[PDB]
Amino acid sequence: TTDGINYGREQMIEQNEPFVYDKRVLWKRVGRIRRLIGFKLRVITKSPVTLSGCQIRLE
Amino acid sequence: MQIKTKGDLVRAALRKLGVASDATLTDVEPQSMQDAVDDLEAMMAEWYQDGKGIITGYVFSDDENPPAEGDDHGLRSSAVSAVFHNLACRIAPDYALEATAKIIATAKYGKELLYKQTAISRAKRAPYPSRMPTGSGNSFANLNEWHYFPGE
Amino acid sequence: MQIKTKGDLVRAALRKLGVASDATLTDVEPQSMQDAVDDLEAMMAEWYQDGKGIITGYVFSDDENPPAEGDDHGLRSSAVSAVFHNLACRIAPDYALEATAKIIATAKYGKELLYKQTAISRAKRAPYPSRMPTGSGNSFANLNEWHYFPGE
Amino acid sequence: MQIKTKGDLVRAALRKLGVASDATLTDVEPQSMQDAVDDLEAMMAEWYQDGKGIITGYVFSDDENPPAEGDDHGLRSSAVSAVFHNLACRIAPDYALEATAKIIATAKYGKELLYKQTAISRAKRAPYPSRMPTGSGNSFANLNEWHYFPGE
Amino acid sequence: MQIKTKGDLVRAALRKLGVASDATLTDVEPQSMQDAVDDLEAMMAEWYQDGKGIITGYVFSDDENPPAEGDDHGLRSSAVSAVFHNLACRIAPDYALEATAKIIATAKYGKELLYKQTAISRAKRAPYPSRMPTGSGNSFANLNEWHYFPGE
Amino acid sequence: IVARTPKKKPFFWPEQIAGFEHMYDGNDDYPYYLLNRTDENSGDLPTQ
């Protein structure tokens, strides 16, 4: 989101996999920040979701 | 080749700069895309100095047809890389960026390869001056009273 | 080209400076547009030194028309890039910025390309001196007894 | 050779860059595949200046085939390393990275090796000028009255 | 031109330095305006060394008419930029400031262009020495007994 | 070789002699040759 209300394009990243214990949920290229930014990070699951340590490379 | 339009060239330049691509989550606005298209047109007009500059086959869109973006540029397959690298270099200023060393080197190399063939064609030798004799070795020219080179 | 007015030139210069563009979510200010138009007029008057400078086809506005903005610049399509790059470089100190190396180099290259054709045109040879003989090989000069070159 | 497709070239380039390989835990993303494939096509078309540049045997995909990815590149085994090292160097700025010194040196070495054989082939001596005598030592030409070389 | 007075030049110089303009929320006092006008008059008088220096057509104010500010400077259109750039450079130290590199470069370029035409006109060649014969080929001079060139 | 060969002439950048182009055409009306010194972007013209 660039204004705090509306969220833009939605991209699907495999955040889990059966019987795999090292996945590295990652997105290569995020866009250029104009003024502000926020992230949604929505998940739809039937299995537990554990998430920690979100980070970016702002440069 | 997929880079078929001026919009495609601008998108390639943005992808090179890292500002916008197909994998991004935030994109630049169409007004910014139009401004970049106008900068591409200005750069090509500056290069092609009304026929005495760098010839590439670029087509300058007319204002009668409303959108300049979306018209095929008409460049050959070997000039697209140079053109969009130079475009990225030119439009990096706008976003408070600076084109990286690889981008600048590729831009220089592409411009050089763009002008190589035109330089080879233009490397012409002037004719003999108006004050050279043709020489008596040219018997055929001697028999026709062609004793001096015309010139010009 | 979509750049047809002094306002378009000023907006392009401000975009390149990053002062006011869509990519930065900043709109152009009229108090910053009048100053930039005044600078553009001063720069063009300085360049075109009353006919003995860099000929560009720029149309100088008059005091009769109250708003200087809105008038076509009259520039050929191969001059706009150089002109607005130079304008951005000149008006950066107003906002106490510093035009980046890419903009400075583009302004230099564009100014050189602007003067190239006029330099070629002005590279002329003086006529023969008034004291040189015309030689005995020129049939028309021999007929008219023009033993010496006109000079001047 | 194991590297037989444009996708294999892109995977090798990304692995060398470290963006996505099994050395790390990253997997190649389709949008990172397509952009690099387009970049590779543009770079190869720039190199192969319609036959007047670097010859590699690279097969240029036509628009009729929807996926450019998956088609065989057609390069010889001795060109794959150079091609994918230079591709990694060219697509490094996409992710705002910088190719390492070893990658840059290998790219330079591979490009030189690519052009070596073509340079040897093209280093050809011009024929004799049109104004040379054939010499009286050549009895055949002397008797035939081929006293001078053709030229061109 | 929009700039038509010494105060207009001073305000342009302040705009360049970034001290005050038509959009700033703070301004400088009329005494400071008068001081800047005095510095401009001093610098113009230093340039115009009683006619033996740089000729620009500047009209020096008189004390009978009270306000020096408000008089047309009389400069041509091609001198305004140079004059106010050098004025900004000169009055920068007053406000504990320093003219930027672009302003200094433009000041140097403007002064050079200001003196270019005067230098061209002043590049004159002295007449022949009084001990130089006119030559016997100078028929009219020899007939009128002007055997030697007139001394001066 | 004698005819179709450029003669001995100076190499000039256009900016070096911009505005003084009539001093180098071959006339003898001037005691010296003038050159441009400064540029508005580079400050000073490179010396070579």
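Residues numbered from 1 in each chain as written, not as in the entry; some residues may be left out. Chains lettered and ligands numbered in written order. Part of a larger assembly, values for the part shown. Heavy atoms only, no water.

Identification of chain B as Peptidoglycan hydrolase gp4 from Salmonella phage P22 is taken from the PDB entry. In UniProt, chain B has this text filed under Subunit (literature references left out): "Monomer; homododecamer upon binding to the portal ring. Interacts (via C-terminus) with the portal protein; this interaction participates in the head completion. Interacts with the Tail hub protein gp10. Interacts with the tail needle protein gp26." Its UniProt record, at the heading Subcellular location, says of chain B: "Virion". (UniProt positions renumbered as here; feature names shortened; annotations may be inferred.)

With the PDB entry as reference, chain A is termed Packaged DNA stabilization protein gp10, source organism Salmonella phage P22.

Asks: Which parts of the structure should I look at to understand the overall build of chain A?
Replies: Counting secondary structure elements, chain A contains zero helices and zero strands. Computed over its C-alpha atoms, the radius of gyration of chain A comes to 14 Å, more than 25% above the 10 Å expected for a compact globule of 59 residues. Projected onto its principal axes, the C-alpha positions of chain A cover 40 × 25 × 15 Å. For chain A, the proportion of its 59 residues judged to be buried stands at 8%. Put simply, chain A shows about 5600 Å² of open surface, and 53% of that area lies on carbon and sulfur atoms. Across chain A, the mean location of the 12 positive side-chain charges is 6 Å away from that of the 6 negative side-chain charges. (Helix = DSSP H or I, 4+ residues; strand = E, 2+ residues; numbered from the N terminus. Rg over C-alpha atoms; globule rule 2.2 N^0.38 Å. Buried < 20%, exposed > 50% of the residue type's maximum accessible area, 1.4 Å probe, protein only. Areas by Shrake-Rupley, 256 points an atom, 1.4 Å probe, with all protein chains shown as cover. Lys, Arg positive; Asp, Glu negative; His and termini not counted. Charge placed at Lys NZ, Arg CZ, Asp CG, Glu CD.)

Asks: Whenever I open this one, the overall build of chain B confuses me. Can you help?
Replies: Along its length, chain B carries five helices and zero strands. Relative to the compact-globule value of 15 Å for 152 residues, chain B shows a C-alpha radius of gyration of 23 Å, a clear excess of over 25%. Taken along its principal axes, the extent of the C-alpha atoms in chain B is 80 × 40 × 25 Å. The long-range share in chain B, meaning contacts at least 24 apart out of those at least 6 apart in sequence, stands at 53%. Just so you have it, chain B exposes about 7700 Å², and 54% of that area is on carbon and sulfur atoms. (Contact = heavy atoms within 4.5 Å.)

Asks: Help me understand the interface of chain C and chain B in this model?
Replies: Quite often, the size of an interface is put as the accessible area lost when its parts meet. Between chain C and chain B, the residue contacts involve 24 residues of the former and 21 residues of the latter. Summed over both sides, the interface between chain C and chain B buries roughly 2200 Å², with carbon and sulfur atoms accounting for 45% of that surface. Seen at the junction of chain C and chain B, the total is six salt bridges. Salt-bridge contacts for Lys 16 of chain C lead to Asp 39 of chain B; the nearest nitrogen and oxygen are separated by 3.0 Å. For the pair chain C and chain B, the interface holds eleven residue pairs in polar contact. Of all the elements in the fold, those that place two or more residues in the side of chain C that touches chain B are α1 (6–17), α3 (80–91) and α4 (101–122) of chain C. Here the element with the most residues in the side of chain C that touches chain B is α4 of chain C; it accounts for seven residues. (Buried area = accessible area lost by both parts, 1.4 Å probe. Salt bridge = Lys/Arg side-chain N within 4 Å of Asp/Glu carboxyl O. Polar contact = N/O pair within 3.5 Å; in protein donor to acceptor, adjacent residues only side chain to side chain.)

Asks: Can you walk me through the nonpolar core in this structure?
Replies: Side chains of nonpolar character tend, in soluble globular proteins, to be buried together. Among the nonpolar cores identified, the biggest contains 38 residues, and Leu 9, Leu 40 and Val 83 of chain C are the most heavily contacted of them. Of all the secondary-structure elements, those providing two or more residues to this core are α1, α2 (30–47), α3 and α4 of chain C together with α4 (101–122) of chain E. Leave out the neighbours within four places in its chain, and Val 83 of chain C touches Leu 9, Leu 40, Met 43, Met 44, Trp 47, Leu 75 and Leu 114 of chain C. (Core = buried A, V, L, I, M, F, W, Y, C linked by side-chain atoms within 4.5 Å.)

Asks: Looking at this structure, I do not really get the layout of surface pockets. What am I missing?
Replies: Gaps left between atoms show up when a probe the size of a water molecule is rolled over them. Space inside the second largest pocket adds up to approximately 740 Å³. For the lining of the second largest pocket, the class distribution of residues is twelve nonpolar, two polar and ten charged. (1 Å grid on protein atoms, 1.4 Å probe; cavity = no way out; pocket = protein on both sides within 12 Å on 5 of 7 lines; lining within 4 Å. Points joined across faces, edges and corners; volume = space filled by probe spheres on them. Nonpolar A, V, L, I, M, F, W, Y, C, P; charged D, E, K, R; others polar.)

Asks: Looking at this structure, I do not really get the packing of helix α3 (residues 80–91) of chain E against α4 of chain E. What am I missing?
Replies: In a packed pair of helices, the relevant descriptors are the angle between the two axes and the axis-to-axis distance. Residues and elements named next belong to chain E. Running from N to C, α3 and α4 point in directions that differ by 135°, and their axes come no closer than 8 Å. By the angle between their axes, α3 is oblique relative to α4. Once α3 is placed against α4, the crossing between them reads as left-handed. Across the interface between the two elements, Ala 82, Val 83, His 85, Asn 86 and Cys 89 from α3 touch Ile 103, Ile 104, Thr 106, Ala 107, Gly 110, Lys 111 and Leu 114 from α4. A class-by-class count of the residues in the contact of α3 with α4 yields seven nonpolar, four polar and one charged. (Axes fitted to C-alpha atoms, helices over the stretch in contact; angles between N-to-C directions. Parallel < 35°, antiparallel > 145°, perpendicular 65-115°, else oblique. Left-handed = near helix turned anticlockwise from the far one by under 90°.)

Asks: I would appreciate a short explanation of α2 of chain C in the present structure.
Replies: Think of an α-helix as 3.6 residues a turn; residues three or four steps apart then line up on the same face. Taking 1.5 Å per residue, 18 residues should reach 26 Å; α2 of chain C reaches 25 Å between its end C-alpha atoms and fits that length. You can read the cap of α2 of chain C off the contacts: a side-chain oxygen lies 2.8 Å from the backbone nitrogen of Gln 31 of chain C, and it is on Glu 29 of chain C. (Expected span 1.5 Å × (residues − 1).)

Asks: Could you clarify how one ought to interpret the side chain of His 73 of chain B in this entry?
Replies: On the secondary structure map, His 73 of chain B appears in the loop between α2 (30–47) and α3 (80–91). Those residues within four positions of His 73 of chain B in sequence are excluded, and the remaining contacts are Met 1, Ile 3, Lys 4, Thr 5, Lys 6, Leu 9, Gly 57, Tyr 58, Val 59 and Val 80 of chain B.

Asks: What exactly am I supposed to notice about the arrangement of the chains here?
Replies: Kept free of each other, chain B and chain E leave a smallest C-alpha distance of 18 Å between them. These two, chain D and chain F, are apart from each other, with no contact and a minimum C-alpha gap of 14 Å.

Asks: Explain the interface of chain D and chain B here, please?
Replies: Contact with chain D, which involves 23 residues of that partner, is made by 24 residues of chain B. Taken over both partners, the interface formed by chain D and chain B buries close to 2000 Å², and the fraction arising from carbon and sulfur atoms is 44%. Interface area lost by chain D to chain B is led by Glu 46, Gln 49 and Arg 90 of chain D, which between them contribute 27%. Summed over the shared surface of chain D and chain B, the number is four salt bridges. Salt-bridge contacts for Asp 39 of chain D lead to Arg 15 of chain B; the nearest nitrogen and oxygen are separated by 3.0 Å. No other element matches helix α2 (residues 30–47) of chain D, which puts nine residues into the side of chain D that touches chain B.

Asks: Would you mind going over empty space enclosed by the protein with me for this structure?
Replies: Under the defined criterion, the tally for this structure stands at four cavities of 30 Å³ or more. There is about 290 Å³ of room inside the largest cavity. As for the largest cavity, its lining consists of 20 residues, of which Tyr 109, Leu 113 and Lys 116 of chain E together with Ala 18 and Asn 36 of chain F are closest to the centre. When contributions to the lining of the largest cavity are tallied by element, the ones reaching two or more residues are α2 and α4 of chain C, α4 of chain E together with β1 (38–39) of chain F. Element by element, the count of residues in the lining of the largest cavity is highest for α4 of chain E, at four residues.

Asks: What am I meant to see in the pattern of salt bridges here?
Replies: Any two side chains of opposite charge can pair if their charged atoms end up close together. All names here are of chain B. All told, the structure shown has 37 salt bridges over all chains when counted by the stated rule. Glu 46 serves as the salt-bridge partner of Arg 90, at 2.7 Å between the closest nitrogen and oxygen. Taken together, the positions of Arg 90 in helix α3 and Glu 46 in helix α2 put the pair 44 residues apart, joining distant regions of the chain. For the residue pair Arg 90 and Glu 46, the accessibility class agrees, reading buried in each case.

Asks: Quick question: what am I supposed to make of the environment of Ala 126 of chain D here?
Replies: On the secondary structure map, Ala 126 of chain D appears in the loop between α4 (101–122) and α5 (139–144). When the C-alpha positions of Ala 126 of chain D and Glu 152 of chain D are compared, they lie 8.3 Å apart, and in sequence the two are 26 residues distant.

Asks: Help me out: how do you make sense of the environment of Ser 77 of chain D in this one?
Replies: All names here are of chain D. Topologically, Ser 77 is positioned in the loop between α2 and α3 (80–91). On the accessibility criterion, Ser 77 (55% relative accessible area) is exposed. In the structure, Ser 77 is positioned 37 residues away from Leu 114 in sequence and 11 Å away in space, judged by C-alpha atoms.

Asks: I keep staring at the packing of aromatic side chains and nothing clicks. Help me out?
Replies: Two aromatic rings are characterised by how far apart their centres lie and by the angle between their planes. Per the stated rule, a full pass over the model turns up 15 aromatic pairs over all chains. Relative to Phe 60 of chain C, the ring of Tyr 48 of chain C lies with its centre 5.9 Å away and its plane at 35°, an arrangement referred to as tilted. Linking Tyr 48 of chain C in the loop between α2 and α3 with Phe 60 of chain C in the loop between α2 and α3, this pair joins segments that are twelve residues apart in sequence. Residue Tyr 48 of chain C is classed as partly exposed on the basis of its relative accessible area of 32%. Using a relative accessible area of 36% as the deciding quantity, one classes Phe 60 of chain C as partly exposed. An aromatic cluster is present here, built from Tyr 48, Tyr 58 and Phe 60 of chain B joined pairwise through their rings. In this structure, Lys 40 of chain A is placed above the aromatic ring of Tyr 7 of chain A, and the distance from its NZ or CZ to the ring centre is 4.4 Å. Over the face of the ring belonging to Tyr 128 of chain B we find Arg 4 of chain F, whose NZ or CZ atom lies 4.4 Å from the ring centre. (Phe/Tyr/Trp six-rings, centres within 6.5 Å; stacked < 30°, edge-to-face > 60°. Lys NZ or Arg CZ within 6 Å of the ring centre and 35° of its normal.)

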